[PDB]
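What follows is each chain in one-letter form.
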Amino acid sequence: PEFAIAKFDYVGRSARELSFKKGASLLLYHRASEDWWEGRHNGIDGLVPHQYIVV
């Protein structure tokens, strides 16, 4: 359960993706693959792209 900060805006195109703004704080639960994390933002659980966040 890692705290992450968004390095750039991400606009999800799927209900499986979270959308967030650069600078946002996100909670990352688990590293699903080298490119995806299961996380939560804005009270919603979903996938977070590794390329847009920093831990």
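For this deposited structure, the header cites X-ray crystallography as the method used and 1.8 Å as the resolution.

J.: Just to check I follow, could you spell out the overall build of the protein for this structure?
T.: What the protein contains, in helices and strands, is 0 helices and 5 strands. Written out in order from the N terminus, the α and β elements of the protein read β-β-β-β-β. Whereas a compact globule of 55 residues would reach a radius of gyration of roughly 10 Å, the protein reaches 9 Å, a difference of no more than 12%. Each of the three principal axes of the protein carries a C-alpha extent, and together these read 20 × 20 × 20 Å. Put simply, the protein has 55 residues, and 29% of those count as buried. The contacts in the protein between residues at least 6 apart in sequence include a share of 37% that link residues at least 24 apart. Surface summary for the protein: the accessible area is close to 3,800 Å², and the carbon and sulfur share equals 54%. Here the protein contributes 7 positively and 7 negatively charged side chains, and the mean placements of these two sets differ by 6 Å.

J.: Where do I start with the sheet that holds strand β4 (residues 44-49) in this structure?
T.: Pairing between the strands of a sheet comes from backbone hydrogen bonds, and it takes one of two forms, parallel or antiparallel. The sheet built from 5 strands is open, its strands ordered β4-β3-β2-β1-β5 with antiparallel pairing. Looking along the sheet, the strands with just one partner apiece sit at the ends: β4 and β5 (53-54). Of the pairings in the sheet, the one linking strand β2 (residues 25-33) to strand β3 (residues 36-41) comprises 5 bridges and is antiparallel in character. The residue of β3 that forms the bridge with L27 is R40.

J.: What should I look at first to understand the environment of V55 in this one?
T.: Considering the arrangement of structural elements, one finds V55 in the segment after β5. The class for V55 is exposed, based on a relative accessible area of 51%. Residues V55 and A6, 49 residues apart in the sequence, show an inter-C-alpha distance of 9.2 Å. The contacts of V55, once residues within four sequence positions are left out, are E2, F3, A4, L28 and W37.

J.: Which parts of the structure should I look at to understand the nonpolar core?
T.: Grouped burial of nonpolar side chains is what soluble globular proteins tend to show. Counting residues in each nonpolar core, the largest one holds 11 residues, listed as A4, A6, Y10, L18, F20, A24, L26, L28, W37, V48 and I53. Secondary-structure elements contributing two or more residues to this core are β1 (2-6) and β2. Not counting residues within four places of it along the chain, the set of residues in contact with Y10 comprises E17, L18, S19, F20, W36, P49 and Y52.

What counts as what
Residues numbered from 1 in each chain as written, not as in the entry; some residues may be left out. Heavy atoms only, no water. Helix = DSSP H or I, 4+ residues; strand = E, 2+ residues; numbered from the N terminus. Rg over C-alpha atoms; globule rule 2.2 N^0.38 Å. Buried < 20%, exposed > 50% of the residue type's maximum accessible area, 1.4 Å probe, protein only. Contact = heavy atoms within 4.5 Å. Areas by Shrake-Rupley, 256 points an atom, 1.4 Å probe, with all protein chains shown as cover. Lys, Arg positive; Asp, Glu negative; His and termini not counted. Charge placed at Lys NZ, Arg CZ, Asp CG, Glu CD. Pairing = 2+ DSSP bridges. Core = buried A, V, L, I, M, F, W, Y, C linked by side-chain atoms within 4.5 Å.

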